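Undergrad: coordinates for the following, if possible.
(2 chains)
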Amino acid sequence: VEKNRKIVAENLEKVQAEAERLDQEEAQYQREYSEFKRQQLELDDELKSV
Amino acid sequence: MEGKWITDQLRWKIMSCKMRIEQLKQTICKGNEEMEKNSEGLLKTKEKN
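TA: Residues are numbered from 1 along each chain as shown, chains lettered A, B, ... in the order given. The protein structure is shown below:
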């Protein structure tokens, strides 16, 4: 019971570390996608102004 | 007392074992509750991921 507890504990730790990795990826996505949105929002009004 | 001391060493060896049997039992019981908890956490974190 001690050994297989460490195995599942490590499995949980390894998988949750990946969730944090994809959280860090989304964070950068949000940053990058927001600047694309900001540029698209200015192009939307520039297409209207033209 | 020499006769009672010998038997009373055993009476302590038995009682001492009983305390380790109890503790080790509940240690497994607690060791197995972390199984269902962390394995279920493993599952939910795998579907989530």
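
Undergrad: please count neighbours and contacts with C-alpha atoms only from this point.
TA: Noted.

Undergrad: what helix or strand does residue A:4 sit in?
TA: In this assignment (DSSP states H and E), residue A:4 forms part of helix A:2-49.

Undergrad: contact residues of chain A facing chain B?
TA: Residues of chain A found near chain B (CA under 8 Å from any CA of the partner chain) are A:1, A:2, A:5, A:8, A:9, A:11, A:12, A:15, A:16, A:18, A:19.

Undergrad: helices or strands up against the helix holding residue A:4?
TA: helix B:2-48 (3 or more CA pairs under 8 Å, 6 or more residues apart in numbering or on different chains; DSSP states H and E).

Undergrad: right, is the helix it packs on up against chain A?
TA: Yes. Shown here: helix B:2-48 in contact with chain A (CA under 8 Å from any CA) through B:28, B:31, B:32, B:34, B:35, B:38, B:39, B:41, B:42, B:45, B:46.

Undergrad: burial count for the closest residue to the fifth one other than its chain neighbours?
TA: Okay, so that is residue B:35. Counting by CA to CA, 6 or more residues apart in numbering or on different chains, residue A:5 is the residue found nearest to residue B:35 once chain neighbours are left out, at 6.4 Å. The number of residues packed near residue A:5 is 16, by other CA atoms under 10 Å in any protein chain shown.
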